[PDB]
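First the structure, in the form of structure tokens, and then the observations on it.
Residue numbers (PDB author numbering), protein chains in the order written: chain B, 141 to 198, 214 to 803; chain A, 141 to 198, 214 to 803; chain D, 141 to 198, 214 to 803.
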């Protein structure tokens, strides 16, 4: 009963903590209400004046008169003038109020609390809040200069006042707000997909010797796949806009998700000292023990050059290695059925930036995977924008940046390698809207483009395309349309991704973006790229030493289909002190037999399942062969998939 | 003492929950204060401009000049213009603020908390909040066009801007607000009226063939009464107006409230898959066991046309699927001496829709008898106004819509049912000048209307009507009056909700609304409808085989008077393995008799009270009957009340 | 230890209650912030316009031009006009906002919480809040009419709009706010003074047969004294302005405060039915058992007549009498030394009103006295102002309303019975300020007034006077200045109260408000009235049956000073079955002796103390005499004060 009272008191202490959190949210909302009462009339007026003067700071007589009257209202020297609202906005931003509170402080406190589903860090969110307000004021001073010029009044030079206002606010942020926080983020969201276990996958993300890795990306709309970003770096941990890349990878769910068997994920914030940039991250999943490799070459921060010889390496992935180099302290996961919470979305920073540290922080208690990096972000922005230089600051990549299709983002009214094969297939910057060219094709239009020369045989490719109407999408080599999408009619530019294995001869594939059989079709942003197939670590089995025994044929995936009476055997050498993870998946019922010479080291029936037999320390006298003797009947088709006796 | 400490800790946990609820109300009020600080100056100005331009968007030189000056102020292109206030209203509504909060979100959070005495659902309340704001903006753009035209300025076409503003707000509602709610509904209040335990009230709530039942309603002012509605079901789970109707049942306190004996309440959440619409409910209270058999039919969501072939009947049998004691899944309400808190008011859904589920949700902790059905309203709207096609929306009613009196209130200028017998006894207003439509009689006044052909012998009818001044209500055939009220001179149009029993031969009873005196009279809203006499489950007592034995005769209420001495006798075969329950009250000191050929299976006298007898194994030797006798007093005519020998 | 845990949990439950109270205060402050955000810009502008147009709605050309320009701004038909601010003020008051909250509701919730040191009830405070806002709007419509007339514009008749606004707000108050509360208040504050115990005080507060008691008052600046209010009543529990009175009483601390001995204060809400008005309240303190008497004659509410024969009486004061008429259930107080928390301030309602009920709710746990009345206030205001008739509504009396000095509030530049005896003693409406005449007398001024004819011998009088400068205050009969105040110089009209026993001949006392010896003097509000001396209940001792025995003399207070060798004896009759509270206080050491004939029923020495010997049931054979034999020496002066052998 005293134990029951203790549990009830622990329940009360939890309720009091939830109450104390609710109070901290309420107190903050009260401080937001104070700053809104101070800043809202100025913010709303500045916004309206900035929006209504967009063309001039970027019917003729009517709008010019309607704007001239507004300009007279704006430049008027009243107590309630536009200059009054600009000054009060600056004062509330800095904290020159009745009680010394700043709008930047209450905003920073807000962002720190409501950072629930936020992609980036507290510094980057509070700084983005500062950027939108400084841009609003700068545009407001620009409209005020434009209004004075339009009326023919004298130039007051608001550059000095605007600079004093912007610098004082950046100084308030630097002194009282920024001694904030940390450079660690993760993947945006989680997803449940299925992978593999009898595989030995391995994935490297290495940047060019002049590049550093500038981000990641995982999409699963065609299939779960890792997209890898890297680019040449500019001074002060800045990045060159061109040379940025997105590196599509294999069935990344495989290396991510298990199949009803445990996983080994080591946990450590690999971090090298400053200036060191990780131009390569390997990943290695062998026997479901998924490791990786984070190593950083140095980078001279001042001159955009990454060092090409001063590598720093942490071969292991676990915090136990950070002190002992003994491979332990992973995170073990008992595999859930539907699929592990694989990362979904884009693994990058709001601004592409060299990361110096990275850590794996999977939380198997919820079967959820989480990462943690460490980047030079404070040391990249702290020198250029916070010192107000030529800002080379580029937002994060949401999706695809390029395409195998040239001019895929047709936006300047040009075809390029596209081919305007009709007078309804005219490039038409305003195909359906001048917001973007999206090649117009109505009732006979066709835009063609050779894409096959880049389509290479026995390789999967990704395709996406922003298409209005019912477009005639074609991946055709004039003989075999490796993929065609002429099915959907889209009034609202619906874009989706699929896959296809480039056939034996894709090297002739034209893209033929025609209209349709007949409809009104539009389309741009024809993102097509190559889907990498996942590679795997070695083994002891080989697709060549197999000895077919009649009515048995091997397939493209080394599949060795048992077409009936017969088998494949492979003389493999097994040794006394060595262990062997014999692992294989079958399509169609059958058996597998390791007859050394007379003894059955292994003989089991396989219907459709992942074999995982770990052949223990056993001396195979002479040579043993895994006689892949599937079912022995006419309609027997025992298609193995992964021939792996991979030795422990 | 440890048990006392546990109870004190449970009291602390309740106090902490009340504190956590208070914090959630406070946090919401703080978020309302933020949105008020943002939106109030625009809302107030839009409202004032909309109200002051009503005739123009629906003394002349003065009003025209004052409105022309107002129009010059409204159309003026300042920073503080009417267009500024419209744009800021749109931005605060969508969430384009300093911190990304929308007025629609804080309003939805408000309505979700203060839904205490709200008639309709969260969706319908938040959508009604959206409608009043969108209408306010649309009228504001309309006054702005009217002001430009009045001044003679160029037309700017604000239809495009208004549509963009309205659609963006409806999109915000559809995406970020609407993906919340439930569709339960219950009674608002409760009533205490001593019901029945002597009787077995079974009540059927069945819809017409083309109808489904579309609401409940509980009355106590005329009497404990069940009010009901039923109507055709249109396409899209909406309901046909003109096919609605009313049905009124008797003493439903006797159906729900027990009197001085406990009542069993089969909590039975009868629910059906989608497409099913309740075409029948039976409520079953035998031996105070309030079960209820319900039969819902299926219904084609589109094209209306409830299909009368796919029915389901889950009477009490949701626990039959899991437990032999299907007699479980109930509750126990103990009848205190004033009755039980039967519902009072209305168990219905905000807007008219088929209900699919129903359950019994009594609360004997407060005697709170609560009905609860499951409506299709969520569906009935998510497809209609969310798509903005027809929105055939009718909210739930409150009083009687159906009346035997034709032109029950008045249509207008025409009382074709009534008779304007006198010229001066005209209709007082005749068009919208005296509040609502209402008859009027003065110094001779009368209004005759034949409804005797619509009145049945010996049946209870509930009466409602609204009257002002000096009225003389009459319901007569110029020879006897069924209902009359010519008193209580009142202020303005007060409502009656009472009952009466229709006469023994009312085939000629017509209504004669006259004047109370030589003064002027007013009245309207004459509601007349039948009250279905409460009907009970049959038991082996039938009045015909009664043998009136000695100065006696069969009576009306199933009563069997005993004038002085004598009795009523009738043979009823009791069994030696079955239990019977003789439940009967008397008016006059009586003696009931359960005697065998020699011995007294029961030996009881009844003075003026009921009789609750649970007879154990009734050893039966053939001869079983009851001699419903009184005692040897000349004055007290023994008059039993309710024959019920119900065979357990 | 479990008991210690229970006490700790009770401490936690108290902390949670203090937290829940803090939340209710916070939630209310958040609702006040919402209404302030809605109503503040309108309230401030209405207030400024009302204050700046005061002389017109009550430097010629310059003020007229500045007000004409202001009037042009006020009457201007803009979106931000004065009419806009009036309409928005009305809408926020009624609750026609974005979310349906009314300023009247949040204000009522405020007043209900912050009613800590509030004199009147919740109804009267919330109604006073409604009055100040309705008056603000009415004055605002009035300034708007005045501004239109001043500019020469057409009359718009804002009476209709103003009436609609005022009536709609009074309707909101009547429906949603007023079904509020209760008619019970108490004394405003508490005070620690000292009284008496061996006294038998008794105080009646009876209104004239045409009057009802209209309030109370207790002041203690000269000495703690009760001031009693009563007046003839006007229809609907209204009061005639004249005939109001203030009835000064005795040393009310005496009847209020004990002297180190217990008190008996009975507790009951004496309440008679409606129309019954308490035209008399007796109070009786005998043997420290302080009782009273609250009896109510009827009052025909319609015609201002109190009934003069239909008395209703509750002779006792205790709730035990309200059911048994057995004198018990008092509140007993163990007397504190410094003094009981006697009522300080004015015991009345904010508006003078007939009280029908009254209760004593002393709280001796804090030694604090509290009262509780029940008045017809809702039924007096509910008919006149809430029906908008000629409001005869008079605020509560703070201090004195009249004076024995005629024209005491010299305000119309007239002396009256005052006498301007100098050309520096000129009445001078602007003596020092035209805000009030306050008779000016500089360096020779004198104002004289005969006040002695009303000053009656051997009676105490109260005096107060609002005086600037050093005034020559005189209560002089040209031979003996019974009191004179020529001492203080007051720049700021400092007024104070004192006392004086009118001498053997006060009937000639002139008031001679001269200046001074010489200074600048001012003065008005010469409140002078008669200080009643406290009377007492009877006893068995008598000041006449005393038998002096040489060197002994009686004084004015029946004091019987023992001037040395000698005594007073008084043959008193004591009986067997009777008890006698012999009680007496002495000045100077001495003794008292009750020699019956030979036996010492009582002989004790008395130095300076309250004798309280309760002579028990004792048969005095023949006659006994209390031989007041004080100290027997030359310098013996044993001045007894209260000769009371008052028989139990």
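All residues carry an ideal CB built from backbone N, CA and C; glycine is no exception.
Taking CB distances under 7 Å as the criterion, tell me whether residue i reaches chain A.
i                      : result
residue 749 of chain B : no
residue 239 of chain D : yes
residue 300 of chain B : no
Would you please verify whether the beta carbon of residue i is less than 7 Å from any beta carbon of chain B?
i                      : result
residue 242 of chain A : yes
residue 332 of chain A : no
In angstroms, rounded to a whole number, what distance separates the CA positions of residue i and residue j?
i                      : j                      : result
residue 375 of chain A : residue 499 of chain A : 7 Å
residue 497 of chain B : residue 449 of chain B : 20 Å
residue 772 of chain D : residue 735 of chain D : 8 Å
residue 334 of chain B : residue 274 of chain B : 21 Å
residue 514 of chain D : residue 476 of chain D : 13 Å
residue 753 of chain A : residue 728 of chain A : 16 Å
List the DSSP bridge partners of residue i.
i                      : result
residue 759 of chain B : B/747
residue 736 of chain B : B/769
residue 640 of chain B : B/628
residue 789 of chain B : In DSSP, residue 789 of chain B forms no bridge with anything.
residue 652 of chain A : A/619
residue 373 of chain B : B/381 and B/500
I'd like the span of the beta strand (DSSP E) that includes residue i, first residue to last.
i                      : result
residue 451 of chain A : 444 to 454
Where does the unbroken alpha helix (DSSP H) through residue i begin, and where does it stop?
i                      : result
residue 279 of chain A : 277 to 306
residue 241 of chain A : 237 to 249
residue 468 of chain B : Run containing residue 468 of chain B: none in the alpha helix (DSSP H); it sits in the beta strand (DSSP E), 461 to 469.
residue 197 of chain B : 194 to 197
residue 265 of chain A : 258 to 268
Hey, is residue i's beta-carbon within less than 7 Å of any beta-carbon in chain D?
i                      : result
residue 183 of chain A : yes
residue 186 of chain A : no
For this session: Could you tell me whether the stretch 665 to 682 of chain A touches the stretch 596 to 604 of chain A, using the rule of 3 or more Cβ pairs below 8 Å?
Result: yes
For this session: Indicate whether the contact test is met: 3 or more Cβ pairs, each with one atom in the stretch 163 to 177 of chain A and one in the stretch 260 to 276 of chain A, closer than 8 Å.
Result: yes
For this session: Give a yes or no on contact between the stretch 421 to 432 of chain B and the stretch 459 to 468 of chain B, applying the rule of three or more CB pairs nearer than 8 Å.
Result: yes
For this session: Take every Cβ of the stretch 308 to 317 of chain D, pair it with every Cβ of the stretch 346 to 361 of chain D, and state whether three or more of those distances are shorter than 8 Å.
Result: no
For this session: Spell out a yes or no on whether the stretch 635 to 650 of chain B and the stretch 520 to 533 of chain B are touching, meaning 3 or more CB-CB pairs, one atom from each, closer than 8 Å.
Result: no
For this session: Indicate whether the contact test is met: 3 or more Cβ pairs, each with one atom in the stretch 533 to 552 of chain D and one in the stretch 386 to 400 of chain D, closer than 8 Å.
Result: yes
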